[PDB]
Amino acid sequence: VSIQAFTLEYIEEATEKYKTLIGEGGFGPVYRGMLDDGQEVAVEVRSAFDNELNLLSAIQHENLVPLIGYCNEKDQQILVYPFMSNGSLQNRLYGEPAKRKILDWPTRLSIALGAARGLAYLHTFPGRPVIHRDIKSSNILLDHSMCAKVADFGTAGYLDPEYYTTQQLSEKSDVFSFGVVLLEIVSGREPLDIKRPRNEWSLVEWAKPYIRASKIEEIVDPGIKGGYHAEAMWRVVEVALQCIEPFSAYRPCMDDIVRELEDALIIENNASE
Ligand SMILES: C[As](C)(=O)[O-]
Ligand SMILES: [Ca+2]
């Protein structure tokens, strides 16, 4: 809840000399470490600011990756986040772990609502908005409790088509991108896959017809076939379609998405009990 300054020496002790590399992150590599109090951290090292730290200091929401501290020493720019032990939504949908454990519909729903709330907090931020501009399943991280934490708010298949007119990314561009994420969550497919039959190359182009023709069962992840209530799935698919409208003007705000995703989870929780 409060940002700390670390020394390079401390980051090296925690990181065991960058022994582990958690993965490619936005604006630098990210290594795994443990602080001397025992909490697991991810340490982002800028490849190549104090205003950014103040912005990141000002962002506080349960569905955003929080900043623990930073390192300023010797013209280095290091950022320290909690380690998210359950990894990325992308990985749990069609990653290696998806072959072991199938993420169930209610959990998928709960992760989407979490992520939407995080983005909603950023979009409606007092004074000026915070726009992510690179929303994707790999940037929706999961903690021990499978609570969504959106990352890299400091990609082909997700890019707002309208960007080719405006050459600008906006809240509405984040909304389009999120719509593609909702399609991943429903379908269990990555947006772009050349190895798929030609008609299935684009998840977005492939899906719209079936949704438009009210035949959602065809596009649903086999692992959650008969694992959802139709009323709840309709809501998610419907709002997903509005998000991926080629023209931002017809696209809902993130907060309309929050409400639809809340409605879907109340429908499932109601039928579950
Ligand atoms: C990027 As801001 C905290 O001025 O809305
Ligand atoms: Ca608000």
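Method information in the entry identifies X-ray crystallography as the source of the structure, with 2.2900 Å recorded as the resolution.

Undergrad: I would appreciate a short explanation of the overall build of the protein in the present structure.
TA: Within the protein one finds nine helices and eight strands. Taken against the 2.2 N^0.38 rule, which gives 19 Å for 273 residues, the C-alpha radius of gyration of the protein at 19 Å falls within 12% of a compact globule. Considered along the principal axes of its C-alpha atoms, the protein spans approximately 60 × 45 × 40 Å.

Undergrad: Looking at this structure, I do not really get the side chain of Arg251. What am I missing?
TA: Tracing the chain through its elements places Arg251 in the loop between α8 (230-243) and α9 (254-272). The class of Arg251 is buried, set by a relative accessible area of 3%. A polar contact of 3.4 Å, which involves the side chain of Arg251, links it to the backbone oxygen of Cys243. Among the polar contacts made by the side chain of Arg251, one reaches the main-chain carbonyl oxygen of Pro246 at a distance of 3.1 Å. Those residues in contact with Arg251, other than ones at most four positions away along the chain, are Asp160, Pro161, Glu162, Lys172, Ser173, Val175, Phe176, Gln242, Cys243, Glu245 and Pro246.

Undergrad: I'm lost on the side chain of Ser248 in this one. Help?
TA: Tracing the backbone shows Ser248 in the loop between α8 and α9. Separated by 2.5 Å, the side chains of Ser248 and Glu162 make a polar contact. Leave out the neighbours within four places in its chain, and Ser248 touches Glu162 and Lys172.

Undergrad: Explain the pattern of salt bridges to me, please; I cannot follow it from the model alone.
TA: A side chain with one charge may pair with a side chain of the opposite charge, provided their charged atoms come close. Using the criterion set out here, one finds 16 salt bridges in the structure. Across the pair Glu40 and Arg32 runs a salt bridge whose closest N-O atoms are separated by 2.6 Å. Overall, the relative accessible area of 33% leaves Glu40 in the partly exposed class. Take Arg32: its relative accessible area is 31%, and that puts it in the partly exposed class. Here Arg235 and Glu260 are joined by a salt bridge, their closest N and O atoms 2.8 Å apart. With a gap of 25 residues between them, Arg235 in helix α8 and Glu260 in helix α9 connect regions that are remote in the sequence. Overall, the relative accessible area of 27% leaves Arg235 in the partly exposed class.

Undergrad: Would you take a moment to explain α8 for this structure?
TA: An ideal rise of 1.5 Å per residue puts 20 Å on 14 residues; α8 measures up with 20 Å between its terminal C-alpha atoms. Those residues of α8 that sit buried are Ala232, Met233, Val236, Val237, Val239, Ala240, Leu241 and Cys243. In this fold, the buried residues of α8 make contact with α4 (105-123), α6 (171-187), α7 (203-212) and α9.

Undergrad: Looking at this structure, I do not really get the pairing of strand β3 (residues 28-34). What am I missing?
TA: When a strand is regular, its side chains alternate between the sheet's two faces. Direction of pairing for strand β2 (residues 21-25) relative to β3: antiparallel, over a ladder of four bridges. For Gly23, the partnering residue across the bridge sits in β3 and is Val30. Counted along the chain from β3 to the antiparallel partner strand β4 (residues 40-45), the turn is five residues long, and its residue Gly38 has a positive phi close to 115°.

Undergrad: In this structure, what is going on with the layout of surface pockets? I would like to understand it.
TA: Once rolled over the atoms, a probe with the size of a water molecule shows which space is left empty. Considered as a void within the structure, the second largest pocket measures approximately 320 Å³ in volume. Along the wall of the second largest pocket there are 18 residues; nearest its centre are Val1, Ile59, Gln60, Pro66 and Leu67. Elements that contribute at least two residues to the lining of the second largest pocket include exactly α2 (50-58) and β6 (78-82). Residues that form the lining of the second largest pocket fall into these classes: 13 nonpolar, five polar and no charged.

About the thresholds
- Residues numbered from 1 in each chain as written, not as in the entry; some residues may be left out.
- Chains lettered and ligands numbered in written order.
- Heavy atoms only, no water.
- Residues with missing side-chain atoms left out of burial classes, pairs and counts.
- Helix = DSSP H or I, 4+ residues; strand = E, 2+ residues; numbered from the N terminus.
- Rg over C-alpha atoms; globule rule 2.2 N^0.38 Å.
- Buried < 20%, exposed > 50% of the residue type's maximum accessible area, 1.4 Å probe, protein only.
- Polar contact = N/O pair within 3.5 Å; in protein donor to acceptor, adjacent residues only side chain to side chain.
- Contact = heavy atoms within 4.5 Å.
- Salt bridge = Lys/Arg side-chain N within 4 Å of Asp/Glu carboxyl O.
- Expected span 1.5 Å × (residues − 1).
- Pairing = 2+ DSSP bridges.
- 1 Å grid on protein atoms, 1.4 Å probe; cavity = no way out; pocket = protein on both sides within 12 Å on 5 of 7 lines; lining within 4 Å.
- Points joined across faces, edges and corners; volume = space filled by probe spheres on them.
- Nonpolar A, V, L, I, M, F, W, Y, C, P; charged D, E, K, R; others polar.

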